[PDB]
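See structure below.
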Amino acid sequence: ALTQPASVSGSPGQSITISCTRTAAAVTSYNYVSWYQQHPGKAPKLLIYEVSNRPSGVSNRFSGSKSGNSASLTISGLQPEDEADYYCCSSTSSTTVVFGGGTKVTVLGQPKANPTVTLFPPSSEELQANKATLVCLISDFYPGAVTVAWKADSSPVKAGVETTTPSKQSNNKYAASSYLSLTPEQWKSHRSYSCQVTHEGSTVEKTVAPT
Amino acid sequence: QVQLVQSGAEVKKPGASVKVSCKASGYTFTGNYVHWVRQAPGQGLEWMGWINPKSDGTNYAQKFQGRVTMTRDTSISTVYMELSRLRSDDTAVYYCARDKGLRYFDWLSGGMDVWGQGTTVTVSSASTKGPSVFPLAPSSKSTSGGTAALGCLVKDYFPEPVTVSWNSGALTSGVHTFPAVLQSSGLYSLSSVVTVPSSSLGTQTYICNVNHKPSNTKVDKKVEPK
């Protein structure tokens with residue numbers, strides 16, 4: 001069992017260090033340490049092997065060290081693309097491998113970014129299937145938290161709502177989606193529907209209509 | 001180019017077994033150990049074991065001893081991981097990953113250089129259900145700053161994952177496939193949106209290619225203005 005901090009953060013251009021430590025309620029001869037970077041939705045990428053060595057094409061901003069029952073990765077000149085999860089891994093004299101629990105790196109100082117909101121009405125094909133879904137897609141916001149409220153005309157609607165957690169985009173901003181399920185009758189019986197997104201105390205609200 | 005290509009995602013009932021394959025190309029199979037490493041949703045990497053295709057030797061994590069085996073078929077450069085008596089908490093993406101080998105010994109290192117693309121295994125009694133796909137047409141309401149947003153709604157499927165490409169993978173600029181919602185019904189839905197120049201809409205066709213491997217179903221949908 002190898003312990004890593006859950007989170008580490010630094011400002012752009014700084015150095016940060018991620019630890020990888022044996023819990024000591026154990027006893028296993030750990031030998032060769034490797035480190036991995038994993039961006040959202042991607043496979044892990046080897047950054048360091050045999051404690052301190054970089055594969056071809058890996059930035060020299062990554063360095064690896066080991067002392068006794070702990071190893072560490074230092075990232076210098078921190079860049080936005082370094083936001084990712086990092087894992088240590090060690091082989092043992094028994095030819096087993098053990099991963100640490102992972103550390104998420106945050107780059108501090110990123111500015112507020114207002115959400116882009118795209119609202120689609122039901123498609124003709126879905127209405128022909130006797131269903132209706134309004135699709136509210138929320139993207140490019142920072143920090144990564146929003147709340148969503150739906151309206152039929154001017155009245156709140158809470159039934160038939162399904163909203164995702166926020167997810168980290170490749171550009172380090174965040175995305176979420178919200179879906180409102182209606183019957184065709186309901187969709188047609190109102191003048192419009194709205195998806196209202198609240199982010200950091202300000203709203204962006206989009207409206208669609210059958211007519 | 002060294003590559004590892006894994007078999008497709010599937011759902012398996014609790015108590016069943018799953019066998020995932022990993023086909024190696026671009027190198028002589030027997031020269032490197034291959035590990036299996038899994039990752040439950042939102043969790044960390046967990047080593048399962050390795051196989052040495054040259055010797056047929058293996059090692060497995062204590063947690064899985066007696067419930068996992070790893071095998072290899074050299075004639076087709078493929079390794080396998082079979083996990084039996086599946087638990088709900090065996091739900092995970094399973095990766096195969098090649099060991100780069102120690103620089104100075106013909107021996108494993110735990111340094112894993114080339115990774116397969118992963119296989120999503122969902123352990124659930126719920127049955128597979130392929131999605132319905134609907135177009136999300138561009139409109140003046142989805143248009144701003146010279147670009148228009150159009151997409152596809154991928155509705156009511158189980159289990160994860162679904163992939164969406166656009167124009168058979170030729171179009172990647174401005175594609176945003178949003179993570180799925182897990183609805184109260186227990187089915188997933190997702191949307192994929194491509195943001196394109198509005199001036200392109202009269203001469204460029206847009207087709208979303210939706211793949212739900214757990215149901216072995218692919219659907220292509222044309223997305224046009226209405």
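The way I read the labels, and the way they are meant: chains A, B, ... in the order of the structure tokens, residue 1 as the first residue of every chain, and ligand 1 as the first ligand shown, with later ones counted on from there.
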Checklist line | Contacts of residue 166 in chain A within 7 Å, only C-alpha atoms, excl. fewer than 3 positions in-chain, as a list in words | finding: residues 144, 145, 174, 175 and 176 of chain A
With only C-alpha atoms counted and 7 Å as the cut-off, give the residues of chain A in contact with chain B, each with its shortest interatomic distance in Å and the pair that gives it, as a tab-separated table.
residue	atom	partner	partner_atom	distance
A:32	CA	B:109	CA	6.2
A:34	CA	B:111	CA	5.5
A:43	CA	B:117	CA	6.6
A:46	CA	B:113	CA	5.8
A:49	CA	B:111	CA	5.5
A:89	CA	B:110	CA	6.8
A:90	CA	B:110	CA	6.2
A:91	CA	B:110	CA	5.3
A:96	CA	B:59	CA	6.9
A:97	CA	B:110	CA	6.1
A:98	CA	B:47	CA	6.3
A:99	CA	B:46	CA	6.3
A:101	CA	B:44	CA	5.6
A:102	CA	B:44	CA	5.9
A:118	CA	B:142	CA	6.3
A:120	CA	B:136	CA	6.5
A:123	CA	B:136	CA	6.4
A:125	CA	B:134	CA	6.6
A:126	CA	B:134	CA	6.6
A:162	CA	B:183	CA	6.0
A:163	CA	B:181	CA	6.5
A:164	CA	B:181	CA	5.2
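Checking B:213, B:72, B:38, B:67 one by one against residue 23 in chain B, counting only C-alpha atoms, you find the shortest gap at B:72.
Near residue 212 in chain B, within 10 Å and counting only C-alpha atoms, sit residues 8, 9, 10, 128, 129, 130, 131, 154, 157, 158, 159, 160, 161, 162, 163, 164, 215, 216, 217, 218 and 219 of chain B, not including residues fewer than 3 positions from it in the same chain.
Residues in contact with residue 29 in chain B at 9 Å, where only C-alpha atoms are counted and same-chain residues fewer than 5 positions away are skipped, are listed as residues 24, 53, 54, 74, 77 and 78 of chain B.
Restricting the calculation to only C-alpha atoms, the smallest distance between residue 208 in chain A and any of B:32, B:167, B:140, B:6 is found for B:140.
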